[PDB]
Each structure stands twice: as structure tokens, then as C-alpha cells.
Amino acid sequence: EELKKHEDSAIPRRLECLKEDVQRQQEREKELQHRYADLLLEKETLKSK
Amino acid sequence: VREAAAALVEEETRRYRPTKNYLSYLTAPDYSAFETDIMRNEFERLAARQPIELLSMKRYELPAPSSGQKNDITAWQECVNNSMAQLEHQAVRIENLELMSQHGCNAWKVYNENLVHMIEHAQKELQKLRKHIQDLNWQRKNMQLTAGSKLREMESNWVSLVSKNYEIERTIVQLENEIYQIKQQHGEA
Amino acid sequence: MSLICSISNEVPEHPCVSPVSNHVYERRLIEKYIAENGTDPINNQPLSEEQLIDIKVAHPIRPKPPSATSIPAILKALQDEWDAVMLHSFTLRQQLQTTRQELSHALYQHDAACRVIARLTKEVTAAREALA
Amino acid sequence: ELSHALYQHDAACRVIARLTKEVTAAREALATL
């Protein structure tokens, strides 16, 4: 009974941190891909010359 | 898997270091609460492991005073009294055996049944309890694996996302080197 | 239920229920407790002898065995049972004294485990920062 | 409370078991670069 309450404490904590880890990596992905998309576009300006 | 890991778990416990202000100051018991001094003397007696102060067997059998006492009428009187008491003890005993032969047979059967009834109630409560514990275990198991699936699913995504990101970072470097070179070649031209 | 008193863990001779806990009790014992403590014994809520609910169910209680017994033999057997009870009660003292040591040693190792977890949490986070 | 503390101690062992593997995989990950 006690163990379940500690598990009930642990499960949101594990969910909170790991989802935040995943979320930051997606935020990292969004920042990376935004720059990376722009630089090909920049390369196309160079290619246009 | 965990068998090997459990011995690896042990490692840091081997490296615990002098800090033993351990939590057992919480809710210290009391030895003393309702001890009488007589009970305390008995607990002193058992701490000293003292043998039994035997209740006298000689009263069962005493045929006469001792040789110096034998010249006292009152000493013989106490032994005559003693012999009188023992006969009545046998009288009360034989009286008890009369009842015990007829009724005690039935009463033993009734009492042995009552022990079975205590066991039947105990086994019912045990089977209630064992079921309830295993019902709890099924609540434990379902909760762990439901959460454990979704995290593992997320972790698989996370591993894929992490790997792909640095791959994109690698290609980012590939872009920047190539863009720079084209900028040099166009700039020199 | 074939009643057992909650204090003695054994069948009462004069039984009563505390309404403050619904447990079954041997009335002269808990009345003595009430006088000395003023509370229910199981949950420490306040209690009085007035609140106690009497039982008048007859006793099926049985000798153990009758064939040995006589007045000298009862006193002989009672002494042995008395010694067994005092051995039992002192064993509880011993048991309680023992549970002091084992709980305390367990608590140190679990407390020290937290310090390891703390260090490892730092280690993991630094390793994740390295991955960034 | 003893048994609870024992199981807490045992629960800690499972936590350390998880963490040991997680550290090992993360250091392995860094070795990949």
C-alpha cells in the first residue's frame, strides 16, 4: 500500500521530467531546422548569381 | 540482467562513509510503561537467567515429621492434617474423573470443532487477504506497464530525435563549409 | 466471531466493545487502561468506561487437558505457564530491543542512498549536458 | 516502519539499477559522438 503511494508519487515525476526532455529536444529540433532551411535558401541566392 | 546489476548496485553502498546520524531518533519506544517492580524483579531474574524457584513436591507425599520434630504432638498433628488434606485432594480428583469420562469425550469433540471454526474463519480472512494483496499487485502491474509503455514509446522517439538532431548538426557543418567555399569562389570571381 | 480481546490477543472472560474503535476487549483490562491512560488503546482517541458496551455471551472455554489436573497439579502447571508468560513477555522486550538495531541500520543505508542518487542525478544531467 | 524502510531500501536498489544502465548508455552515446 505504501509502495503504491510512492509509485503514485514517482510516476508523474518520471513523466514530467522525461516529457520535458523530449519537448526540449523538439524545441532544439525546431531551432536547428529553421536555421538549416534558411541556409539552403541563402545558398539558392548564391546559386542565382 | 538485474541479477548482475544488483551486484553493481551494491558498489556505492560499499563506499558509504561516516555520517551515521541515522533516523532512528524518530518515535523511540519505552521499556518501562506499566512495569510493576515485581515484574521488574522477574525481568531482572530472567536477565540473570536464574533457574526456577521450584514449588515444593514434598507436600504431595509427607509421611512424618523429621526425627527431632517427631517428639512434638503438634508436629505430628500438622502431618496428620497433611495426610487428611491429601485424601480429600484424591476425593475431589476422583469426583472430577467421573464427570470427565462421560462428558469430557463429547466436550473434547465440541472444542476440537471450535478450533476448526477458528481455522475456517482464519483461512477465509487469509484467502480474503491473499486475494486483496494479489488484486493490489494487479493494480501495481497494470499501472507500471501502462506508464512504462508510454515512456518507452517516448524514449524511442527521444532516441530517434536526439540522433537525427546531431545528424542535422553534422549536415549543418556540411552546409556551412560548402556555403563558405561557394562564397570564396564567387567572391574571388 | 469467537471473540478475542485486542489487548491480550486471546479470548476474554468478561468482554466489551469500545465504540470508539469497534474492537473487542476484556473489560477489566481496558478499564484498568482507561484509569491509567484515559484513551482508547488501539488509536489513542479518548475513551471512558461509561462508553464501553457490555457483552454477556457464555463461554465455551475448555480445560487443557482435565486429565492431568488436580489442585497440586494445577498450581504446578500454572507456575510453568506463568514462567512461559514471563518468558513470552521478556521475549517481546528482546524482540523490541532487536527491532531497534535492525531498523536503525536499515535507515542509515537508505539515507546514504539518497546522497548517492543526488550525485548520480548530477552525473546524468552533466552527461545530458554533454549530449547537448 | 522497518519493513517499509527495507522495501524503500529495496526500491532504491531498483532506482540505482535503472540509473546504472542509464549512465552506461549515455556514456556509450557520447562515445558515438
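Read-outs throughout are calculated quantities, based only on the coordinates presented, and are distinct from any laboratory measurement. In this analysis, Cβ positions are derived from the backbone assuming ideal geometry, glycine residues included, and neighbour counts consider all displayed protein chains.
Amide H of C:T39: which non-local residues (sequence gap of 5 or more, or other chain) have their own amide H closer than 5 Å, using H built in the peptide plane?
Here the answer is C:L47, since their amide H atoms fall under 5 Å of that of C:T39.
Straight-line reach only, C-alpha to C-alpha below 20 angstrom: list the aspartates and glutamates that B:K128 could link to, leaving out same-chain residues fewer than 8 apart.
Correct list for B:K128: A:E1, A:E2, B:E120.
Spin-label point model (7 Å from Cα, Cβ direction): what's the B:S32 to B:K183 distance in nm?
Going from the B:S32 label point to the B:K183 one covers 8.5 nm.
Would you calculate the separation in nanometres between label points at C:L87 and B:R17, each defined as 7 Å from the Cα along the Cα-to-beta-carbon direction?
About 5.0 nm separates the two model spin labels.
Report the rotationally averaged projected area of chain B based on its alpha-carbon convex hull, in square nanometres. Write out the running numbers ahead of the final one.
Values: hull surface 121.3 nm².
Across all orientations, chain B yields a mean hull projection of 30.3 nm².
What ³J(HN,Hα) values, in whole Hz, does the Karplus curve 6.51 cos²θ - 1.76 cosθ + 1.60 give for region C:34-43 when θ = phi - 60°, with x put for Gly and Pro?
Values per residue, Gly and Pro as x: 4, 4, 7, 10, x, 10, 4, x, 6, 10 Hz.
What is the extension gain from C:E31 to C:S8, computed as 0.36 nm multiplied by their sequence separation minus the C-alpha to C-alpha distance, in nm to one decimal? Present the calculation step by step, with values, prior to reporting the outcome.
Details: separation 23, 0.36 × 23 = 8.28 nm, distance 1.37 nm.
That pair, C:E31 and C:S8, stretches by 6.9 nm at full extension.
Can you tell me which of B:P65, B:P29, B:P18 moves the most in a GNM of chain B? Springs connect C-alpha atoms under 10 Å apart.
B:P18
Kindly provide log₁₀ I(q)/I(0) values, in the same order as q = 0.15, 0.26, 0.28, 0.33 Å⁻¹, from the Debye equation applied to equal alpha-carbon scatterers of chain A.
These q points yield log10 I(q)/I(0) values of -0.60, -0.88, -0.92, -1.03.
Can you give the helix-only mean residue ellipticity at 222 nm for chain A, where every DSSP H stretch with n ≥ 4 adds -39500 (n - 2.57) and the sum goes over all residues, rounded to the nearest 500 deg cm²/dmol? Working shown, then result.
Numbers: 1 runs with 47 residues, N = 49.
So the calculated ellipticity at 222 nm is -36000 deg cm²/dmol.
Out of residues 5 or more away from C:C16 or on other chains, whose amide H comes under 5 Å of its own, with H placed 1.01 Å from N in the peptide plane?
The list, which skips near neighbours in sequence, is C:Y25, C:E26, C:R27.
In the structure shown, do any of A:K4/B:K131; B:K109/C:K64; A:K30/D:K21 have a Cα-Cα gap over 20 Å, and if so which?
Working: A:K4/B:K131 17 Å; B:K109/C:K64 13 Å; A:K30/D:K21 30 Å.
Those over the limit are A:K30/D:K21.
Amide H neighbours of C:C5 under 5 Å, counting only residues 5+ apart in sequence or on other chains, H built in-plane at 1.01 Å?
Sorted by chain and number, the residues that satisfy this are C:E10, C:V11.
Trypsin sites (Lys or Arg not before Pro), restricted to region C:1-83: which are DSSP loop and have at most 15 other Cβ atoms within 10 Å? Walk me through the numbers on the way to the answer.
Numbers: sites: C:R27, C:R28, C:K32, C:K56, C:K76; in loops: C:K56.
The qualifying sites are C:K56.
For chain C, what is the calculated [θ] at 222 nm in deg cm²/dmol (nearest 500), taking -39500 (n - 2.57) for each run of four or more DSSP H residues and dividing by its residue count?
Working: 2 runs with 72 residues, N = 132.
About -20000 deg cm²/dmol.
Can you list the GluC sites (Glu not before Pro) in region C:25-123 that are in a DSSP coil and have 13 or fewer other beta carbons within 10 angstrom?
C:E49, C:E50
What nm distance separates the two modelled labels at C:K64 and D:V15, each placed 7 Å from Cα along Cα→Cβ?
4.7 nm
What list of ³J(HN,Hα) couplings, whole Hz, do you get for region B:131-140 from phi and the Karplus terms 6.51, -1.76, 1.60, once you set θ to phi - 60° and write x for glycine and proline?
Using θ = phi - 60°, the values come out as 4, 4, 5, 6, 4, 4, 4, 5, 5, 4 Hz.
Determine, for A:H6, D:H4, the number of other Cβ atoms within 10 Å of each Cβ, and report the residues in order from fewest to most.
Fewest-to-most ranking of A:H6, D:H4: A:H6, D:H4.
Kindly provide log₁₀ I(q)/I(0) values, in the same order as q = 0.17 Å⁻¹, from the Debye equation applied to equal alpha-carbon scatterers of region C:3-132.
The computed values of log10 I(q)/I(0) come out as -1.06.
Toward the positive end of the charge dipole of chain A, about the Cα centre and with charges on Cβ (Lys, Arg +1; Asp, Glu -1), which of A:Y36, A:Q23, A:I11 goes farthest?
Selected residue: A:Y36.
Please report, in whole Å³, the volume per residue of the convex hull around the C-alpha atoms of the protein assembly as shown.
On the way: hull volume 104.8 nm³, N = 403.
Dividing the Cα hull volume of the protein assembly as shown by its residue count gives 260 Å³.
With θ set to phi - 60°, apply the Karplus curve 6.51 cos²θ - 1.76 cosθ + 1.60 along region C:71-78 and write out the HN-Hα couplings as whole Hz, x wherever there is a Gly or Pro.
Ordered by residue, 3J(HN,Hα) equals 4, x, 5, 4, 5, 4, 5, 5 Hz.
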